[PDB]
**Student:** 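If you scroll down you'll find the structure; I have some questions about it.
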2 protein chains.
Amino acid sequence: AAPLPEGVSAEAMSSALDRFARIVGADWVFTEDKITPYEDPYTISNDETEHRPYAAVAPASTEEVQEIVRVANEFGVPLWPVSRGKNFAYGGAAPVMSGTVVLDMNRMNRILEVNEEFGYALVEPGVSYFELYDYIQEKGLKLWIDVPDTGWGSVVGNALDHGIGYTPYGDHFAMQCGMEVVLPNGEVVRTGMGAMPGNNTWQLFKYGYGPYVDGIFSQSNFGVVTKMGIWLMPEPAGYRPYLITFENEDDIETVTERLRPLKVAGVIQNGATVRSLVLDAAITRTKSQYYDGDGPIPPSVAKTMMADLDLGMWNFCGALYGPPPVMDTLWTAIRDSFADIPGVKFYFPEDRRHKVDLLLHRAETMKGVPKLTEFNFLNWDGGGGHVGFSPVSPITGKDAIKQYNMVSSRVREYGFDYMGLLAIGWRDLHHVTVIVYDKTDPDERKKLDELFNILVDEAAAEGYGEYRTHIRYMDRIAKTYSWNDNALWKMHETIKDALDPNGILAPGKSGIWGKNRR
Amino acid sequence: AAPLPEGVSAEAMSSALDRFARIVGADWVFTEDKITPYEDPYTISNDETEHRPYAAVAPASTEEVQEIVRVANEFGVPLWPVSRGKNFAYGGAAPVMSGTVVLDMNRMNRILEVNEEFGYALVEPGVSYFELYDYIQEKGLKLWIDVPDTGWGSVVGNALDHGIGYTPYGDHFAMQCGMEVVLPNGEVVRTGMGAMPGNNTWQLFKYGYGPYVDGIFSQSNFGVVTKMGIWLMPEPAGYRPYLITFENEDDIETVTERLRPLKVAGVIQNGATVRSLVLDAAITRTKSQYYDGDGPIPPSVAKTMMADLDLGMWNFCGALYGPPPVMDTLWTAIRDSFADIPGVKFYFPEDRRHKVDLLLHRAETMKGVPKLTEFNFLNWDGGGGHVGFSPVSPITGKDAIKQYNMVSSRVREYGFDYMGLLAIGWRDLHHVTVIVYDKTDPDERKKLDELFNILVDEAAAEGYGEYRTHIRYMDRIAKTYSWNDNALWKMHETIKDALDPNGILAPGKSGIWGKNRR
Ligand SMILES: Cc1cc2nc3c(=O)[nH]c(=O)nc-3n(C[C@H](O)[C@H](O)[C@H](O)COP(=O)(O)OP(=O)(O)OC[C@H]3O[C@@H](n4cnc5c(N)ncnc54)[C@H](O)[C@@H]3O)c2cc1C
Ligand SMILES: Cc1cc2nc3c(=O)[nH]c(=O)nc-3n(C[C@H](O)[C@H](O)[C@H](O)COP(=O)(O)OP(=O)(O)OC[C@H]3O[C@@H](n4cnc5c(N)ncnc54)[C@H](O)[C@@H]3O)c2cc1C
């Protein structure tokens, strides 16, 4: 069902696939029926010709990657690199442009080094959070990792896409240090201290000397990353996870105001996440257990869910790290910041009367333990796919309540339950909207797509721009960053054409196309 | 005395200078006698044709910068951008290539915003640490800045060169967020959230969307930065600076071993700096006050200096930040790490019996107060210039003692006093050598240059590479990063040729030349 990419003959694509099998072995080129796991699991498009991978190649080594790229250049065949291809909600493993060949690097799954005394790992793209965690536990190394939830994905791939987690080390790409890259011309480079032969500092110091370029290979089609370093947090002297609940939907305004100073100054040591009722309820319950109506849940049902589950309309999870005197002092500051809000409640794990419970689950994540759960937002409405919209805004009550109002209104009018959170990294607020939908139903897919377009449009007019998005929306989000007639993308295109003149790496990633396709 | 740059006619250079004065006004083009402050203050070269600026232009605004660059392209005339041009020990304001016109941006000195609730500033390149500090004190804003010592320089220029300071915010470029850049083609771009019109998040979130490119404009000739954001630390709830001295030169091995875990885990909240006797003595004394010999100081004199000044052979300055219970807990951990070393002593300010004193001075710096001092290493030998060599290494005793041994041996054999420190950022050790010399004396200049070359060569063979260097050595340091036949510089050159095909921005910065001069 997948078309050849525009400009590429069937002869060309056939020679390429052939030379690919000479490079990796015939068993490691997939076509035809074996392509289905490279499809987006959470379909949005109703046009079945969109975002369709033609083929996949799975190399064993950096140098194989290089040969493939050289062949790609030779026949004009475009590649879409994935590390493990678990980018669910963002298109999974699927390309922007139909007919692109997937460059699957899952087989390159070596943990090249884990260093306990300097707190780092050097990993290939195939390495999962589960495998890294399991390695560390197995060797008994006193290190924590930082994981998404749910905890599927590549350490490399998630970091390159600017992914996040729930410890002090939650900004994954900020913790990156050193990479090896195959450039679009097939040359291989190492960044930072890795460009110096005989260094023992690749993972100890980011910059090296000269222009700092690691960042240009994140959210990018400027090269293929084959090795990447990441800093790992030493196991702390203590760990106390907490949940603060708030009774009223309006509380999120004053909560955000109080969060701002604690986060700017670092009194809260990890990202602060304040989740709406449904998002946290969906960890241990489904909709049909509280309401049989087709549409979003009414208020009386909300109050029932709150009483059963000991949750609020807003649910703030964070954690304390370090020696008990430190944790005690920080807690005093945090708790005092919220004590005077009517209806507030404060919980540590021992205060949770349920044995299967939101805090108990999130406590795992904020300690860097990768988990899958039986229930999460995906099962709230008995199944479906999801998409997320997570634009950046200032940490103010005004911005938080305005986004909650704007988004919840539209989401509910479209027939979806509102599932949103307010996330704070350091100085950055994100109102994150999660929309679960029936990806098998074309009428729902249309509604979802339309809702998504409108949410982005209306958010952008208030000055809130997206930092990470699905393959289907990459062009749209790029057009948000339109200052001076798209001057920044004009520079990205200049760099693209110099590094990749034949435009063979992931055409359209981050809205970057290349001279032959612009 | 300054030659035209190679390839540029006298006609061409004359038209350019003319059009420059049409752009900025005739009063803001300097030539002839007014060029002398653009010379390197600490001459190394004995060839007086090297590193000589032909002229200087001082624009008032971004858009003037753009016009200049467009004219530079038109006549083939190369520019060397400076923010304030206080890069002393690195060449001052002077270019790598003689005949380059200095683009002096000192007049662009607006503090565009200082935001107390979100802890940031947006500054133009002319803004000094002194001016930023003075602004904040004047408005009574509860923010600290992070300053070099001595505290001259541009907030922008120092950060772009990967400069450092002495608070938790000591990695200046890591604290950068958002910039405006004039590209070598004269187009203007804003990075991150600044590329979205109507954002209020330029200084709140680094990435924006897509490839992260801010880094490529650091230590670079890829564009001219005209505005830059930087995060500022909220004033903490307490501040306790300390000095730990060690009696024996050999102690630095075990000291580095003990520093490693404290720094990796962040128990020490700022950079750790362990300075040799002379470097700290030179803050309050000169050589001739303790020894009249021409050569380096003997051991008996060292012991005299230690007893007078309450200093050791090694002197560790750091500081505690936050609420007293936190500072108390961290101090316990730090002090216990070193208590068992024979001859160790521990001081807070009230324990220093001298009123003019190393700890009292460094206490200012580790609180982000910019200062000049009457005495520092520059006056140790009655005057001269300086150069520094600060390569990266792992935080081990073995690496520290090996570098101390290697460097002190050669430095002393050349007739200089050893002045060195062990600096730790987070995971990175730097043995920093400071060499003070008589920049007026050509025999000393020759010795210094030779010593410098040899120190770099021998360090690099042990796997220790430099991250920041003088204009004279930029090509040399680039050749350190030589893996895969200089593959990283080959990529930098690809980017240079695409962004700057006429090679008019700072030819030779970081060893990056451009097609017309390679
Ligand atoms: C229920 C749910 C919860 C989620 N929770 C989180 C969360 O808490 N935090 C979070 O950050 N994300 C979260 N996500 C998003 C996503 O699932 C994770 O971020 C996941 O870790 C990303 O997949 P990956 O690691 O395999 O990346 P990949 O799919 O391997 O890579 C992502 C993209 O990066 C680029 N890329 C990858 N590898 C390379 C390479 N080697 N060289 C060049 N470019 C490359 C490509 O553009 C690729 O499409 C969630 C998703 C869902 C569905
Ligand atoms: C005694 C002594 C002590 C020192 N102590 C320290 C210290 O503690 N910490 C430290 O970090 N340094 C230190 N230094 C080095 C130096 O003095 C400082 O780093 C100083 O702040 C740098 O000068 P500047 O800020 O004006 O940078 P500039 O000279 O303005 O800029 C430096 C370089 O960056 C580039 N550049 C600058 N601005 C731009 C722009 N807008 N766009 C593009 N490229 C640009 C150019 O390559 C330029 O040559 C010390 C030096 C001496 C002599």
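These numbers come from the heavy atoms of this one structure, side chains and all, not from hydrogens, waters or symmetry mates. To find a chain, count down the sequence lines: A is the first, B the second, and so on, and within it residues start at 1.
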**Student:** Which bit of B/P261 comes within less than 4.5 Å of chain A, counting heavy atoms only: side chain, backbone, both or neither?
**Tutor:**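 Neither part.
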**Student:** Which residues in residues 204-213 of chain B have any heavy atom lying under 4.5 Å from a heavy atom of chain A?
**Tutor:**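 Contacts with chain A: B/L204, B/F205, B/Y207, B/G208, B/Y209, B/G210, B/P211, B/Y212, B/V213.
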**Student:** Do you know the tightest heavy-atom contact between B/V264 and A/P234?
**Tutor:**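 The answer is CG1-CG, 3.7 Å.
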**Student:** Go through the atoms of B/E235 and report whether side chain, backbone, both or neither lie under 4.5 Å from a heavy atom of chain A.
**Tutor:**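 Nothing of B/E235, per the 4.5 Å heavy-atom cut-off to chain A.
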**Student:** Can you tell which of B/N185, B/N199, B/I216 has the highest number of heavy-atom pairs within less than 4.5 Å of chain A?
**Tutor:**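 The answer is B/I216.
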**Student:** Side chains of A/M193 and B/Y467, heavy atoms from C-beta outward: is any pair under 4.5 Å?
**Tutor:**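 Answer no - side chains too far apart.
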**Student:** Run the salt bridge (charged side-chain N to carboxylate O under 4.0 Å, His left out) test against A/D485 and tell me which residues pass, sequence neighbours left out.
**Tutor:**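 Partners of A/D485 under the salt bridge (charged side-chain N to carboxylate O under 4.0 Å, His left out) test: A/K490.
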**Student:** Taking the side chain as everything from C-beta on, heavy atoms only, tell me whether A/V189 gets closer than 4.5 Å to B/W489.
**Tutor:**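 No, too far: nothing below the 4.5 Å cut-off.
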**Student:** Under a 4.5 Å heavy-atom cut-off, does chain A meet the side chain of B/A478, its backbone, both or neither?
**Tutor:**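 Contact with chain A: backbone and side chain both.
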**Student:** Can you tell me which of A/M233, A/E187, A/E466, A/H492 forms the most heavy-atom pairs within a distance under 4.5 Å of chain B?
**Tutor:**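 Max contact count across the listed options: A/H492.
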**Student:** With only heavy atoms counted, which part of B/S218 is less than 4.5 Å from chain A, the side chain, the backbone, both or neither?
**Tutor:**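 Both parts, backbone and side chain.
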**Student:** Relative to chain B, which of A/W426, A/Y464, A/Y120 shows the most heavy atom pairs under 4.5 Å?
**Tutor:**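 The option with the most such pairs is A/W426.
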**Student:** With a 4.5 angstrom heavy-atom cut-off, is it the side chain or the backbone of B/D214 that approaches chain A, or both, or neither?
**Tutor:**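 Neither the backbone nor the side chain of B/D214 comes within 4.5 Å of chain A.
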**Student:** Can you say whether B/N484 sits under 4.5 Å from chain A via the side chain, the backbone, both, or neither, judging by heavy atoms?
**Tutor:**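 For B/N484, the contact with chain A is made by the side chain alone.
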**Student:** Most heavy-atom pairs under 4.5 angstrom with chain B, which of A/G465, A/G425, A/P325, A/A461?
**Tutor:**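 Ranked by heavy-atom pairs under 4.5 Å with chain B, first place is A/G465.
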**Student:** So for A/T494, is it side chain, backbone, both, or neither that comes closer than 4.5 Å to the heavy atoms of chain B?
**Tutor:**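 Interface part for A/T494: both.
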**Student:** Please give me the minimum heavy-atom distance between B/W483 and A/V188, naming the atom from each residue.
**Tutor:**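 Taking every non-hydrogen atom into account, CZ3-O, 3.9 Å.
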**Student:** Find out whether A/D428 and B/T201 are in side-chain contact, i.e. whether some heavy atom of one side chain is under 4.5 Å from a heavy atom of the other.
**Tutor:**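 When only atoms from C-beta onward are counted, B/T201 and A/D428 do not touch, as no gap falls below 4.5 Å.
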**Student:** Starting at OG1 of A/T191, measure out to OH of B/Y481 and round the result to the nearest 0.5 Å.
**Tutor:**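 Here the rounded value is 11.5 Å.
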**Student:** When heavy-atom pairs shorter than 4.5 Å are enumerated against chain B, which of A/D497, A/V392, A/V267 gives the highest number?
**Tutor:**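 Of A/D497, A/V392, A/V267, A/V392 has the most heavy-atom pairs under 4.5 Å with chain B.
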**Student:** Of the backbone (N, CA, C, O) and the side chain (C-beta and beyond), which part of B/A460 lies under 4.5 Å from a heavy atom of chain A, both, or neither?
**Tutor:**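 Contact with chain A: backbone and side chain both.
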**Student:** Does the side chain of B/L499 reach to within under 4.5 Å of the side chain of A/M491, using non-hydrogen atoms?
**Tutor:**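 The answer is yes, as the side chains (C-beta and beyond) meet within the 4.5 Å cut-off.
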**Student:** Out of B/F222, B/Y169, B/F217, return the one with the most heavy atom pairs under 4.5 angstrom to chain A.
**Tutor:**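 Ranked by contacts with chain A, first place is B/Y169.
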**Student:** Which pair of non-hydrogen atoms, one from B/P197 and one from A/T480, has the smallest distance, and what is that distance?
**Tutor:**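 Reported closest heavy-atom pair: CD-O, 3.8 Å.
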**Student:** Under a 4.5 Å heavy-atom cutoff, which of B/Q203, B/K509, B/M474 has the most pairs with chain A?
**Tutor:**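 That would be B/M474.
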**Student:** Go through the atoms of A/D171 and report whether side chain, backbone, both or neither lie under 4.5 Å from a heavy atom of chain B.
**Tutor:**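 Just its side chain gets close to chain B.
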**Student:** Could you report the tightest heavy-atom contact between B/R190 and A/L488, atom names first, then the distance?
**Tutor:**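 Closest pair (atom of B/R190, atom of A/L488, distance): O-CD2, 3.8 Å.
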**Student:** Look at A/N200, A/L160, A/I477 and state which one has the largest set of heavy-atom pairs under 4.5 Å with chain B.
**Tutor:**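 Top option by heavy-atom pairs under 4.5 Å: A/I477.
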**Student:** So, the side chain of A/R427 versus the backbone of B/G119: is there a donor-acceptor pair under 3.5 Å, distance only?
**Tutor:**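 Between the backbone of B/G119 and the side chain of A/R427 there is a qualifying donor-acceptor contact (under 3.5 Å).
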**Student:** Counting only non-hydrogen atoms closer than 4.5 Å, does B/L429 touch chain A with its backbone (N, CA, C, O), its side chain (CB onward), both, or neither?
**Tutor:**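 It is neither, since no heavy atom gets under 4.5 Å.
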**Student:** Can you tell me which portion of B/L143 sits under 4.5 Å from chain A's heavy atoms? Options are side chain, backbone, both or neither.
**Tutor:**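 Neither part, no heavy atoms under 4.5 Å.
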